[PDB]
$ cat start20.cif   # mmCIF, N, CA and C atoms
data_input
loop_
_atom_site.label_atom_id
_atom_site.label_comp_id
_atom_site.auth_asym_id
_atom_site.auth_seq_id
_atom_site.Cartn_x
_atom_site.Cartn_y
_atom_site.Cartn_z
N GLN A 4 -45.99 -116.59 72.86
CA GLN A 4 -44.93 -116.51 71.86
C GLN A 4 -44.82 -115.08 71.32
N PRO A 5 -43.61 -114.52 71.39
CA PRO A 5 -43.41 -113.15 70.91
C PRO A 5 -43.63 -113.07 69.41
N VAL A 6 -44.09 -111.92 68.96
CA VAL A 6 -44.19 -111.62 67.54
C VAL A 6 -42.87 -111.02 67.10
N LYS A 7 -42.61 -111.06 65.80
CA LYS A 7 -41.37 -110.51 65.26
C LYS A 7 -41.73 -109.42 64.26
N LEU A 8 -41.50 -108.18 64.67
CA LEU A 8 -42.05 -107.01 64.01
C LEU A 8 -40.91 -106.14 63.51
N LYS A 9 -41.14 -105.42 62.42
CA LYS A 9 -40.17 -104.46 61.92
C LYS A 9 -40.90 -103.17 61.59
N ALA A 10 -40.60 -102.11 62.34
CA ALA A 10 -41.34 -100.86 62.19
C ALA A 10 -40.52 -99.72 62.77
N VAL A 11 -40.81 -98.51 62.29
CA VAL A 11 -40.22 -97.28 62.79
C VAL A 11 -41.33 -96.45 63.41
N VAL A 12 -41.14 -96.04 64.67
CA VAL A 12 -42.14 -95.29 65.42
C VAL A 12 -41.50 -94.01 65.94
N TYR A 13 -42.07 -92.87 65.55
CA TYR A 13 -41.66 -91.57 66.06
C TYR A 13 -42.69 -91.09 67.07
N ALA A 14 -42.23 -90.61 68.21
CA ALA A 14 -43.13 -90.12 69.24
C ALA A 14 -42.66 -88.77 69.75
N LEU A 15 -43.62 -87.94 70.12
CA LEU A 15 -43.38 -86.62 70.68
C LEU A 15 -43.76 -86.63 72.16
N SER A 16 -43.05 -85.84 72.95
CA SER A 16 -43.26 -85.82 74.39
C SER A 16 -44.65 -85.27 74.72
N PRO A 17 -45.30 -85.79 75.77
CA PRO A 17 -46.61 -85.24 76.16
C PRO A 17 -46.56 -83.76 76.51
N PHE A 18 -45.42 -83.27 76.99
CA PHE A 18 -45.32 -81.87 77.38
C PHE A 18 -44.98 -80.96 76.21
N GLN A 19 -45.09 -81.46 74.98
CA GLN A 19 -44.89 -80.67 73.78
C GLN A 19 -46.14 -80.61 72.92
N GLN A 20 -47.28 -81.08 73.42
CA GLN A 20 -48.51 -81.15 72.65
C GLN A 20 -49.65 -80.50 73.43
N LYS A 21 -50.62 -79.97 72.69
CA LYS A 21 -51.87 -79.53 73.27
C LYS A 21 -52.70 -80.74 73.66
N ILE A 22 -53.25 -80.72 74.87
CA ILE A 22 -53.87 -81.90 75.46
C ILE A 22 -55.37 -81.94 75.21
N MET A 23 -56.06 -80.80 75.28
CA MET A 23 -57.52 -80.83 75.29
C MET A 23 -58.19 -80.31 74.02
N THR A 24 -57.54 -79.45 73.25
CA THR A 24 -58.25 -78.81 72.14
C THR A 24 -58.70 -79.82 71.08
N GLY A 25 -58.14 -81.03 71.08
CA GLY A 25 -58.55 -82.04 70.13
C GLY A 25 -59.92 -82.62 70.38
N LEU A 26 -60.54 -82.31 71.52
CA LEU A 26 -61.87 -82.84 71.81
C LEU A 26 -62.94 -82.17 70.95
N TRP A 27 -62.80 -80.87 70.69
CA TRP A 27 -63.76 -80.13 69.88
C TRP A 27 -63.17 -79.73 68.53
N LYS A 28 -62.36 -80.61 67.96
CA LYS A 28 -61.75 -80.39 66.65
C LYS A 28 -62.58 -81.13 65.61
N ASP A 29 -63.02 -80.40 64.59
CA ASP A 29 -63.87 -80.97 63.55
C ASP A 29 -65.07 -81.67 64.17
N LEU A 30 -65.69 -80.99 65.14
CA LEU A 30 -66.88 -81.54 65.79
C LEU A 30 -67.96 -81.95 64.81
N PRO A 31 -68.33 -81.15 63.79
CA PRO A 31 -69.42 -81.58 62.90
C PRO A 31 -69.14 -82.88 62.18
N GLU A 32 -67.89 -83.14 61.81
CA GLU A 32 -67.57 -84.38 61.11
C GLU A 32 -67.72 -85.58 62.04
N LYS A 33 -67.43 -85.39 63.33
CA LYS A 33 -67.61 -86.48 64.29
C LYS A 33 -69.07 -86.87 64.41
N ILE A 34 -69.96 -85.88 64.53
CA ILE A 34 -71.38 -86.19 64.59
C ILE A 34 -71.82 -86.83 63.28
N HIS A 35 -71.32 -86.32 62.16
CA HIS A 35 -71.67 -86.91 60.88
C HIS A 35 -71.28 -88.38 60.84
N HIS A 36 -70.07 -88.70 61.30
CA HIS A 36 -69.66 -90.10 61.34
C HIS A 36 -70.56 -90.92 62.24
N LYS A 37 -70.88 -90.41 63.43
CA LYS A 37 -71.64 -91.21 64.38
C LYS A 37 -73.04 -91.52 63.86
N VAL A 38 -73.68 -90.57 63.18
CA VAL A 38 -75.02 -90.83 62.68
C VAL A 38 -74.97 -91.66 61.40
N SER A 39 -73.90 -91.51 60.61
CA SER A 39 -73.84 -92.21 59.34
C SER A 39 -73.64 -93.71 59.54
N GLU A 40 -72.69 -94.09 60.39
CA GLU A 40 -72.41 -95.50 60.60
C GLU A 40 -73.51 -96.20 61.39
N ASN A 41 -74.19 -95.48 62.28
CA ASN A 41 -74.97 -96.11 63.34
C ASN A 41 -76.47 -95.89 63.22
N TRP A 42 -76.97 -95.32 62.11
CA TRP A 42 -78.40 -95.07 62.06
C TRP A 42 -79.20 -96.36 61.91
N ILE A 43 -78.64 -97.39 61.26
CA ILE A 43 -79.32 -98.67 61.19
C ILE A 43 -79.37 -99.32 62.57
N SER A 44 -78.26 -99.24 63.31
CA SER A 44 -78.20 -99.83 64.64
C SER A 44 -79.13 -99.11 65.61
N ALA A 45 -79.24 -97.79 65.48
CA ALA A 45 -80.11 -97.03 66.37
C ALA A 45 -81.58 -97.31 66.06
N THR A 46 -81.89 -97.61 64.80
CA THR A 46 -83.26 -97.92 64.43
C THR A 46 -83.66 -99.30 64.93
N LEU A 47 -82.73 -100.25 64.90
CA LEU A 47 -83.04 -101.59 65.39
C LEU A 47 -83.11 -101.63 66.91
N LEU A 48 -82.68 -100.57 67.60
CA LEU A 48 -82.80 -100.56 69.06
C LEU A 48 -83.98 -99.71 69.51
N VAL A 49 -84.29 -98.64 68.78
CA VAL A 49 -85.30 -97.68 69.22
C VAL A 49 -86.69 -98.05 68.71
N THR A 50 -86.79 -98.56 67.48
CA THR A 50 -88.10 -98.87 66.90
C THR A 50 -88.87 -99.92 67.69
N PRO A 51 -88.30 -101.07 68.08
CA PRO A 51 -89.11 -102.04 68.84
C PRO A 51 -89.56 -101.52 70.19
N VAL A 52 -88.70 -100.79 70.90
CA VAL A 52 -89.07 -100.25 72.21
C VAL A 52 -90.22 -99.26 72.07
N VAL A 53 -90.06 -98.29 71.17
CA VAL A 53 -91.09 -97.26 71.01
C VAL A 53 -92.34 -97.84 70.37
N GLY A 54 -92.18 -98.74 69.40
CA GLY A 54 -93.34 -99.33 68.75
C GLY A 54 -94.17 -100.18 69.70
N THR A 55 -93.51 -101.02 70.49
CA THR A 55 -94.24 -101.86 71.43
C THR A 55 -94.89 -101.03 72.53
N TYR A 56 -94.18 -100.01 73.02
CA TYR A 56 -94.75 -99.11 74.02
C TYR A 56 -95.97 -98.38 73.47
N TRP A 57 -95.89 -97.88 72.23
CA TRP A 57 -97.00 -97.13 71.66
C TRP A 57 -98.22 -98.01 71.47
N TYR A 58 -98.02 -99.27 71.07
CA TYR A 58 -99.15 -100.18 70.92
C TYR A 58 -99.81 -100.47 72.26
N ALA A 59 -99.01 -100.62 73.32
CA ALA A 59 -99.58 -100.93 74.62
C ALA A 59 -100.44 -99.78 75.14
N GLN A 60 -100.01 -98.54 74.94
CA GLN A 60 -100.85 -97.40 75.29
C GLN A 60 -102.08 -97.33 74.39
N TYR A 61 -101.92 -97.67 73.12
CA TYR A 61 -103.06 -97.71 72.21
C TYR A 61 -104.04 -98.81 72.60
N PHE A 62 -103.53 -99.96 73.04
CA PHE A 62 -104.42 -101.03 73.48
C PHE A 62 -105.17 -100.63 74.74
N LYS A 63 -104.45 -100.13 75.75
CA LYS A 63 -105.06 -99.81 77.04
C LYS A 63 -106.11 -98.71 76.91
N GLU A 64 -105.87 -97.73 76.03
CA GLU A 64 -106.85 -96.67 75.83
C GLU A 64 -108.15 -97.21 75.25
N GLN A 65 -108.07 -98.02 74.18
CA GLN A 65 -109.30 -98.55 73.60
C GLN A 65 -110.02 -99.46 74.58
N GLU A 66 -109.29 -100.35 75.25
CA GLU A 66 -109.92 -101.26 76.20
C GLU A 66 -110.59 -100.50 77.34
N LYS A 67 -110.04 -99.33 77.69
CA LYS A 67 -110.63 -98.52 78.75
C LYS A 67 -111.91 -97.85 78.27
N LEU A 68 -112.04 -97.65 76.96
CA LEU A 68 -113.20 -96.96 76.42
C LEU A 68 -114.31 -97.93 76.06
N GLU A 69 -113.99 -99.21 75.86
CA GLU A 69 -115.04 -100.19 75.61
C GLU A 69 -115.79 -100.55 76.89
N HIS A 70 -115.11 -100.56 78.03
CA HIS A 70 -115.74 -100.89 79.30
C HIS A 70 -116.52 -99.73 79.89
N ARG A 71 -116.44 -98.54 79.30
CA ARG A 71 -117.13 -97.37 79.80
C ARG A 71 -118.56 -97.35 79.29
N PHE A 72 -119.51 -97.24 80.20
CA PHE A 72 -120.91 -97.14 79.81
C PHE A 72 -121.19 -95.74 79.28
N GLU B 291 8.11 -68.66 60.59
CA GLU B 291 8.15 -69.22 59.25
C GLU B 291 6.78 -69.71 58.80
N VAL B 292 5.97 -70.24 59.72
CA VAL B 292 4.60 -70.63 59.39
C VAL B 292 3.76 -69.40 59.09
N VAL B 293 3.97 -68.33 59.86
CA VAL B 293 3.24 -67.08 59.64
C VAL B 293 3.61 -66.48 58.29
N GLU B 294 4.87 -66.62 57.89
CA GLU B 294 5.31 -66.02 56.63
C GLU B 294 4.74 -66.76 55.43
N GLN B 295 4.68 -68.09 55.50
CA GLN B 295 4.11 -68.85 54.39
C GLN B 295 2.60 -68.65 54.30
N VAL B 296 1.93 -68.54 55.44
CA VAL B 296 0.49 -68.29 55.42
C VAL B 296 0.20 -66.95 54.75
N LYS B 297 0.97 -65.91 55.12
CA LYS B 297 0.82 -64.61 54.48
C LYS B 297 1.10 -64.68 52.99
N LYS B 298 2.00 -65.58 52.57
CA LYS B 298 2.36 -65.67 51.16
C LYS B 298 1.30 -66.40 50.35
N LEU B 299 0.67 -67.42 50.93
CA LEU B 299 -0.16 -68.30 50.12
C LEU B 299 -1.65 -67.99 50.24
N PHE B 300 -2.13 -67.67 51.44
CA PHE B 300 -3.56 -67.54 51.69
C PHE B 300 -4.01 -66.12 51.37
N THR B 301 -3.99 -65.80 50.09
CA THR B 301 -4.27 -64.45 49.61
C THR B 301 -5.66 -64.31 48.99
N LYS B 302 -6.11 -65.29 48.23
CA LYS B 302 -7.38 -65.19 47.50
C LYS B 302 -8.53 -65.80 48.30
N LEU B 303 -8.76 -65.26 49.50
CA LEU B 303 -9.83 -65.72 50.37
C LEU B 303 -11.07 -64.85 50.18
N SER B 304 -12.23 -65.37 50.60
CA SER B 304 -13.52 -64.80 50.23
C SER B 304 -13.78 -63.44 50.88
N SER B 305 -13.50 -63.30 52.17
CA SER B 305 -13.80 -62.09 52.94
C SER B 305 -15.29 -61.76 52.91
N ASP B 306 -16.12 -62.80 52.94
CA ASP B 306 -17.56 -62.62 53.05
C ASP B 306 -17.88 -62.07 54.44
N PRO B 307 -18.75 -61.07 54.53
CA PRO B 307 -19.11 -60.47 55.82
C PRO B 307 -19.90 -61.38 56.74
N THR B 308 -20.30 -62.55 56.28
CA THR B 308 -21.05 -63.47 57.12
C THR B 308 -20.19 -63.92 58.29
N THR B 309 -20.77 -63.91 59.49
CA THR B 309 -20.07 -64.23 60.73
C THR B 309 -20.84 -65.30 61.49
N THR B 310 -20.10 -66.22 62.13
CA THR B 310 -20.75 -67.39 62.70
C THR B 310 -21.69 -67.04 63.85
N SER B 311 -21.41 -65.97 64.59
CA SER B 311 -22.24 -65.67 65.75
C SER B 311 -23.61 -65.19 65.32
N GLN B 312 -23.69 -64.51 64.18
CA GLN B 312 -24.99 -64.10 63.66
C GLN B 312 -25.75 -65.29 63.09
N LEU B 313 -25.04 -66.27 62.53
CA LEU B 313 -25.71 -67.44 61.96
C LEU B 313 -26.43 -68.25 63.04
N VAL B 314 -25.77 -68.48 64.18
CA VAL B 314 -26.40 -69.23 65.26
C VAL B 314 -27.53 -68.42 65.89
N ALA B 315 -27.42 -67.10 65.85
CA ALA B 315 -28.44 -66.26 66.49
C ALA B 315 -29.73 -66.25 65.69
N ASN B 316 -29.64 -66.16 64.36
CA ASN B 316 -30.85 -66.15 63.54
C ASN B 316 -31.41 -67.54 63.28
N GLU B 317 -30.63 -68.59 63.51
CA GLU B 317 -31.10 -69.97 63.36
C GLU B 317 -30.66 -70.77 64.56
N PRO B 318 -31.25 -70.53 65.72
CA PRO B 318 -30.79 -71.19 66.94
C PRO B 318 -31.21 -72.65 66.98
N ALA B 319 -30.61 -73.38 67.92
CA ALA B 319 -30.87 -74.79 68.12
C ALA B 319 -31.63 -74.98 69.42
N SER B 320 -32.72 -75.73 69.37
CA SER B 320 -33.56 -75.98 70.53
C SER B 320 -33.80 -77.47 70.67
N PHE B 321 -34.12 -77.88 71.89
CA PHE B 321 -34.29 -79.28 72.25
C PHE B 321 -35.77 -79.61 72.33
N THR B 322 -36.16 -80.73 71.73
CA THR B 322 -37.54 -81.19 71.71
C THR B 322 -37.57 -82.61 72.24
N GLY B 323 -38.22 -82.81 73.38
CA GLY B 323 -38.41 -84.14 73.94
C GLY B 323 -39.21 -85.02 73.00
N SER B 324 -38.64 -86.16 72.62
CA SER B 324 -39.21 -86.99 71.57
C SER B 324 -38.36 -88.25 71.48
N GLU B 325 -38.79 -89.18 70.64
CA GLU B 325 -38.06 -90.42 70.50
C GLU B 325 -38.34 -91.06 69.15
N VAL B 326 -37.37 -91.83 68.68
CA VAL B 326 -37.49 -92.61 67.47
C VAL B 326 -37.09 -94.04 67.80
N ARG B 327 -37.98 -94.99 67.53
CA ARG B 327 -37.76 -96.40 67.82
C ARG B 327 -37.76 -97.15 66.50
N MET B 328 -36.61 -97.71 66.14
CA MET B 328 -36.46 -98.46 64.90
C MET B 328 -36.45 -99.94 65.27
N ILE B 329 -37.63 -100.55 65.20
CA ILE B 329 -37.81 -101.92 65.67
C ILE B 329 -37.41 -102.87 64.56
N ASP B 330 -36.42 -103.72 64.84
CA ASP B 330 -35.92 -104.70 63.88
C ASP B 330 -35.52 -105.92 64.70
N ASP B 331 -36.37 -106.93 64.70
CA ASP B 331 -36.16 -108.09 65.55
C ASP B 331 -35.25 -109.14 64.92
N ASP B 332 -34.59 -108.81 63.81
CA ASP B 332 -33.58 -109.68 63.24
C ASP B 332 -32.17 -109.32 63.67
N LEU B 333 -31.96 -108.12 64.20
CA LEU B 333 -30.64 -107.76 64.72
C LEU B 333 -30.39 -108.48 66.04
N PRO B 334 -29.17 -108.97 66.27
CA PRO B 334 -28.91 -109.71 67.52
C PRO B 334 -28.82 -108.82 68.76
N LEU B 335 -28.33 -107.59 68.64
CA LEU B 335 -28.17 -106.70 69.78
C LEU B 335 -28.98 -105.43 69.59
N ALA B 336 -29.55 -104.94 70.68
CA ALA B 336 -30.24 -103.66 70.69
C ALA B 336 -29.28 -102.56 71.12
N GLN B 337 -29.38 -101.41 70.46
CA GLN B 337 -28.57 -100.25 70.82
C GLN B 337 -29.46 -99.03 70.90
N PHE B 338 -29.30 -98.26 71.98
CA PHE B 338 -30.10 -97.07 72.18
C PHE B 338 -29.25 -96.01 72.87
#
$ encode --input "start20.cif" --output "structure tokens"
Amino acid sequence: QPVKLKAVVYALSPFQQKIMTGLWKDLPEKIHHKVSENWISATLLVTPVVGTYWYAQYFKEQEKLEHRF
Amino acid sequence: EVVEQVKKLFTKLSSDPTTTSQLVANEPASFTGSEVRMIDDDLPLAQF
């Protein structure tokens, strides 16, 4: 079923705009946004992997030293 | 007779030195590829 919309849209031709310079425009703010929104998500993905890996190396090292005469 | 009445009546004209060819030269007209879409789905016919 079609929607029934009322809007005004202005568009400029692709051959009247700069195409690539927008990739490195306000670069610091982009990084700021990415770390600000996603630091909780990155912690919930990185902490269990690194924590479990670190414990396994910690376990294997001690177990290797108890069996050593 | 038209020339004589024009000479008689059209006396108090401005005589400003501004000339149309200089006006178009300092403010030229250029074409910009672009579009405006006025979406209104209550009108019965579309016109573009």
$ closest_atom_pairs --input "start20.cif" --of "chain B" --to "chain A" --cutoff "6 Å" --atoms "only C-alpha atoms" --output "Markdown table"
| residue | atom | partner | partner_atom | distance |
| --- | --- | --- | --- | --- |
| B:323 | CA | A:16 | CA | 5.2 |
| B:324 | CA | A:15 | CA | 4.3 |
| B:325 | CA | A:14 | CA | 5.2 |
| B:326 | CA | A:13 | CA | 4.5 |
| B:327 | CA | A:12 | CA | 5.1 |
| B:328 | CA | A:11 | CA | 4.5 |
| B:329 | CA | A:10 | CA | 5.1 |
| B:330 | CA | A:9 | CA | 4.7 |
| B:331 | CA | A:7 | CA | 5.8 |
$ write_last_selection --input "start20.cif" --atoms "N, CA and C atoms" --output "PDB file, in the coordinates of the input"
ATOM      1  N   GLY B 323     -38.220 -82.810  73.380  1.00  0.00           N
ATOM      2  CA  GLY B 323     -38.410 -84.140  73.940  1.00  0.00           C
ATOM      3  C   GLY B 323     -39.210 -85.020  73.000  1.00  0.00           C
ATOM      4  N   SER B 324     -38.640 -86.160  72.620  1.00  0.00           N
ATOM      5  CA  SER B 324     -39.210 -86.990  71.570  1.00  0.00           C
ATOM      6  C   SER B 324     -38.360 -88.250  71.480  1.00  0.00           C
ATOM      7  N   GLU B 325     -38.790 -89.180  70.640  1.00  0.00           N
ATOM      8  CA  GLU B 325     -38.060 -90.420  70.500  1.00  0.00           C
ATOM      9  C   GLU B 325     -38.340 -91.060  69.150  1.00  0.00           C
ATOM     10  N   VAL B 326     -37.370 -91.830  68.680  1.00  0.00           N
ATOM     11  CA  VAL B 326     -37.490 -92.610  67.470  1.00  0.00           C
ATOM     12  C   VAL B 326     -37.090 -94.040  67.800  1.00  0.00           C
ATOM     13  N   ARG B 327     -37.980 -94.990  67.530  1.00  0.00           N
ATOM     14  CA  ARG B 327     -37.760 -96.400  67.820  1.00  0.00           C
ATOM     15  C   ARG B 327     -37.760 -97.150  66.500  1.00  0.00           C
ATOM     16  N   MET B 328     -36.610 -97.710  66.140  1.00  0.00           N
ATOM     17  CA  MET B 328     -36.460 -98.460  64.900  1.00  0.00           C
ATOM     18  C   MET B 328     -36.450 -99.940  65.270  1.00  0.00           C
ATOM     19  N   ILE B 329     -37.630-100.550  65.200  1.00  0.00           N
ATOM     20  CA  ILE B 329     -37.810-101.920  65.670  1.00  0.00           C
ATOM     21  C   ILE B 329     -37.410-102.870  64.560  1.00  0.00           C
ATOM     22  N   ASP B 330     -36.420-103.720  64.840  1.00  0.00           N
ATOM     23  CA  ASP B 330     -35.920-104.700  63.880  1.00  0.00           C
ATOM     24  C   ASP B 330     -35.520-105.920  64.700  1.00  0.00           C
ATOM     25  N   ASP B 331     -36.370-106.930  64.700  1.00  0.00           N
ATOM     26  CA  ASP B 331     -36.160-108.090  65.550  1.00  0.00           C
ATOM     27  C   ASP B 331     -35.250-109.140  64.920  1.00  0.00           C
TER      28      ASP B 331
END
$ atom_distance --input "start20.cif" --atom1 "CA of residue 36 in chain A" --atom2 "atom C of residue 48 in chain A"
19.1 Å
$ select_by_dssp --input "start20.cif" --residues "chain B" --states "strand (DSSP E)" --output "PyMOL selection string"
chain B and resi 324-330
$ select_by_dssp --input "start20.cif" --residues "chain B" --states "helix (DSSP H, G or I)" --output "PDB file with N, CA and C atoms, keeping the file's coordinate frame"
ATOM      1  N   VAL B 292       5.970 -70.240  59.720  1.00  0.00           N
ATOM      2  CA  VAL B 292       4.600 -70.630  59.390  1.00  0.00           C
ATOM      3  C   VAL B 292       3.760 -69.400  59.090  1.00  0.00           C
ATOM      4  N   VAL B 293       3.970 -68.330  59.860  1.00  0.00           N
ATOM      5  CA  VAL B 293       3.240 -67.080  59.640  1.00  0.00           C
ATOM      6  C   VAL B 293       3.610 -66.480  58.290  1.00  0.00           C
ATOM      7  N   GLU B 294       4.870 -66.620  57.890  1.00  0.00           N
ATOM      8  CA  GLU B 294       5.310 -66.020  56.630  1.00  0.00           C
ATOM      9  C   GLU B 294       4.740 -66.760  55.430  1.00  0.00           C
ATOM     10  N   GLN B 295       4.680 -68.090  55.500  1.00  0.00           N
ATOM     11  CA  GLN B 295       4.110 -68.850  54.390  1.00  0.00           C
ATOM     12  C   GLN B 295       2.600 -68.650  54.300  1.00  0.00           C
ATOM     13  N   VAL B 296       1.930 -68.540  55.440  1.00  0.00           N
ATOM     14  CA  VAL B 296       0.490 -68.290  55.420  1.00  0.00           C
ATOM     15  C   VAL B 296       0.200 -66.950  54.750  1.00  0.00           C
ATOM     16  N   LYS B 297       0.970 -65.910  55.120  1.00  0.00           N
ATOM     17  CA  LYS B 297       0.820 -64.610  54.480  1.00  0.00           C
ATOM     18  C   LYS B 297       1.100 -64.680  52.990  1.00  0.00           C
ATOM     19  N   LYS B 298       2.000 -65.580  52.570  1.00  0.00           N
ATOM     20  CA  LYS B 298       2.360 -65.670  51.160  1.00  0.00           C
ATOM     21  C   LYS B 298       1.300 -66.400  50.350  1.00  0.00           C
ATOM     22  N   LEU B 299       0.670 -67.420  50.930  1.00  0.00           N
ATOM     23  CA  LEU B 299      -0.160 -68.300  50.120  1.00  0.00           C
ATOM     24  C   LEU B 299      -1.650 -67.990  50.240  1.00  0.00           C
ATOM     25  N   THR B 310     -20.100 -66.220  62.130  1.00  0.00           N
ATOM     26  CA  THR B 310     -20.750 -67.390  62.700  1.00  0.00           C
ATOM     27  C   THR B 310     -21.690 -67.040  63.850  1.00  0.00           C
ATOM     28  N   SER B 311     -21.410 -65.970  64.590  1.00  0.00           N
ATOM     29  CA  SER B 311     -22.240 -65.670  65.750  1.00  0.00           C
ATOM     30  C   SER B 311     -23.610 -65.190  65.320  1.00  0.00           C
ATOM     31  N   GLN B 312     -23.690 -64.510  64.180  1.00  0.00           N
ATOM     32  CA  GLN B 312     -24.990 -64.100  63.660  1.00  0.00           C
ATOM     33  C   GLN B 312     -25.750 -65.290  63.090  1.00  0.00           C
ATOM     34  N   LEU B 313     -25.040 -66.270  62.530  1.00  0.00           N
ATOM     35  CA  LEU B 313     -25.710 -67.440  61.960  1.00  0.00           C
ATOM     36  C   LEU B 313     -26.430 -68.250  63.040  1.00  0.00           C
ATOM     37  N   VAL B 314     -25.770 -68.480  64.180  1.00  0.00           N
ATOM     38  CA  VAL B 314     -26.400 -69.230  65.260  1.00  0.00           C
ATOM     39  C   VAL B 314     -27.530 -68.420  65.890  1.00  0.00           C
ATOM     40  N   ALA B 315     -27.420 -67.100  65.850  1.00  0.00           N
ATOM     41  CA  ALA B 315     -28.440 -66.260  66.490  1.00  0.00           C
ATOM     42  C   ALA B 315     -29.730 -66.250  65.690  1.00  0.00           C
ATOM     43  N   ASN B 316     -29.640 -66.160  64.360  1.00  0.00           N
ATOM     44  CA  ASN B 316     -30.850 -66.150  63.540  1.00  0.00           C
ATOM     45  C   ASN B 316     -31.410 -67.540  63.280  1.00  0.00           C
TER      46      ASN B 316
END
$ atom_distance --input "start20.cif" --atom1 "atom C of residue 321 in chain B" --atom2 "atom N of residue 20 in chain A"
11.7 Å
$ decode --input "start20.cif" --residues "range 21-36 of chain A" --atoms "N, CA, C and O atoms" --output "compact mmCIF listing (two decimals), in the first residue's frame"
# COMPACT_ATOMS: atom_id res chain seq x y z
N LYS A 21 31.55 18.72 -4.71
CA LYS A 21 32.78 18.00 -4.39
C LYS A 21 32.43 16.62 -3.86
O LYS A 21 31.57 16.48 -2.99
N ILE A 22 33.11 15.60 -4.37
CA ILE A 22 32.73 14.22 -4.13
C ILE A 22 33.48 13.62 -2.94
O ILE A 22 32.89 12.89 -2.15
N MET A 23 34.77 13.92 -2.78
CA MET A 23 35.58 13.19 -1.82
C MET A 23 35.99 13.97 -0.58
O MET A 23 36.24 13.35 0.46
N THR A 24 36.05 15.31 -0.64
CA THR A 24 36.62 16.04 0.49
C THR A 24 35.79 15.88 1.76
O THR A 24 36.30 16.15 2.85
N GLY A 25 34.55 15.42 1.65
CA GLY A 25 33.72 15.22 2.83
C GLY A 25 34.13 14.04 3.68
O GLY A 25 33.59 13.89 4.79
N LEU A 26 35.05 13.20 3.21
CA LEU A 26 35.49 12.05 4.00
C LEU A 26 36.36 12.48 5.17
O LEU A 26 36.29 11.88 6.25
N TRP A 27 37.20 13.49 4.99
CA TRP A 27 38.08 13.99 6.04
C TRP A 27 37.65 15.36 6.54
O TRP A 27 38.48 16.21 6.87
N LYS A 28 36.35 15.59 6.60
CA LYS A 28 35.79 16.84 7.09
C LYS A 28 35.38 16.66 8.54
O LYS A 28 34.62 15.74 8.86
N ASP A 29 35.89 17.52 9.41
CA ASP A 29 35.63 17.42 10.84
C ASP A 29 35.96 16.02 11.34
O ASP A 29 35.18 15.38 12.06
N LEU A 30 37.12 15.52 10.91
CA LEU A 30 37.56 14.20 11.35
C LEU A 30 37.57 14.04 12.86
O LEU A 30 37.10 13.00 13.35
N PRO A 31 38.10 14.98 13.66
CA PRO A 31 38.13 14.76 15.11
C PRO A 31 36.76 14.56 15.72
O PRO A 31 36.62 13.78 16.67
N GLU A 32 35.74 15.26 15.22
CA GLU A 32 34.40 15.10 15.78
C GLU A 32 33.84 13.71 15.47
O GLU A 32 33.08 13.15 16.27
N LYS A 33 34.19 13.16 14.31
CA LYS A 33 33.74 11.81 13.97
C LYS A 33 34.31 10.79 14.94
O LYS A 33 33.58 9.92 15.44
N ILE A 34 35.61 10.87 15.23
CA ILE A 34 36.20 9.96 16.20
C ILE A 34 35.57 10.18 17.56
O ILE A 34 35.28 9.22 18.29
N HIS A 35 35.35 11.44 17.93
CA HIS A 35 34.71 11.73 19.20
C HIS A 35 33.35 11.05 19.29
O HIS A 35 33.03 10.42 20.30
N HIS A 36 32.55 11.16 18.23
CA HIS A 36 31.26 10.49 18.23
C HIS A 36 31.41 8.99 18.36
O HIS A 36 30.70 8.35 19.15
